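A.B. asks: my sequence and its experimental structure, below.
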Amino acid sequence: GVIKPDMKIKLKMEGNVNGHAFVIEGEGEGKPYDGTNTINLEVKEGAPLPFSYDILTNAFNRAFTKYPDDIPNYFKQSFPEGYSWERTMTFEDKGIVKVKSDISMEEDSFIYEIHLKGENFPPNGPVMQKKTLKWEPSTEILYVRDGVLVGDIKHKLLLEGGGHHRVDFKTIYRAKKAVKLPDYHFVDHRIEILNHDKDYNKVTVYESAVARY
């Protein structure tokens, strides 16, 4: 196979949140057919980040999703050419993150080039004052729109103290060649920061994702 059962991950993100510019690079590995991936991440510019690292982690590849055989796999079919995605994250309190990523392949590695811009976050709200705990697990709904694939999620951040903040995600996935398109389906995922240093200059992220009817 062009996609191996064990794939490396290399990525760079250029981002700007509420006017604060930063660059993060990461290297990881995962199991595309098991739906798991792990990435080690270092802030290269812009340290220490003055906002919640959780608004970045979903940006750090649905080729790492476990799919049954009777649902066409839009992401894996796109390789070796790959695919790009554009995402909008609409926060409860009017903050917004717009992110784009290019996913390519180099031998047994996926390569991501990510650009992220967050703005209009309340300066003293939970994202900019780093009061998040994690993303709750959630379920993406995937379906074709306009020939490409769309993913909707109604997400929640768990905050310090136990409350939640809603965040709605819309992603448009665009394969770089014609692929067999799937009927609508769902992807159950979980994402976690496994470890971080004091200011999140060094972070390890883990995600698990499984498609189903």
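C.D. replies: Happy to help now that I have it. Numbers count the residues shown, from 1 in each chain.

A.B. asks: give the bridge partners for the residue nearest to residue 126 when sequence neighbours are not counted, please.
C.D. replies: Computed as C-beta to C-beta, 6 or more residues apart in numbering, the closest residue to residue 126 that is not its neighbour in sequence is residue 159, at 5.4 Å. Using the backbone N, CA and C atoms, a C-beta is placed for each residue, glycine as well. Here residue 159 shows beta-bridge partners residue 132, assigned using DSSP bridges.

A.B. asks: what sits against residue 159?
C.D. replies: Shown in contact with residue 159 (C-beta atoms under 8 Å, 6 or more residues apart in numbering): 126, 131-133, 165.

A.B. asks: most neighbours among these, please name it.
C.D. replies: Neighbour counts for the contacts of residue 159 peak at residue 126, which has 24 neighbours (criterion: other C-beta atoms under 10 Å).

A.B. asks: that one: which element?
C.D. replies: Here residue 126 is covered by no helix or strand, with elements defined by DSSP states H and E.

A.B. asks: surely it meets residue 165?
C.D. replies: Yes. Counting by C-beta atoms under 8 Å, residue 126 touches residue 165, with 6.0 Å between them.

A.B. asks: any shared contact partners between those two?
C.D. replies: 132, 157, 159.

A.B. asks: any idea how far residue 118 is from the last one?
C.D. replies: Which is residue 159. 17 Å (C-beta to C-beta, to the nearest Å).

A.B. asks: swap in the second one?
C.D. replies: Noted for residue 157: a distance of 14 Å to residue 118, by C-beta to C-beta.
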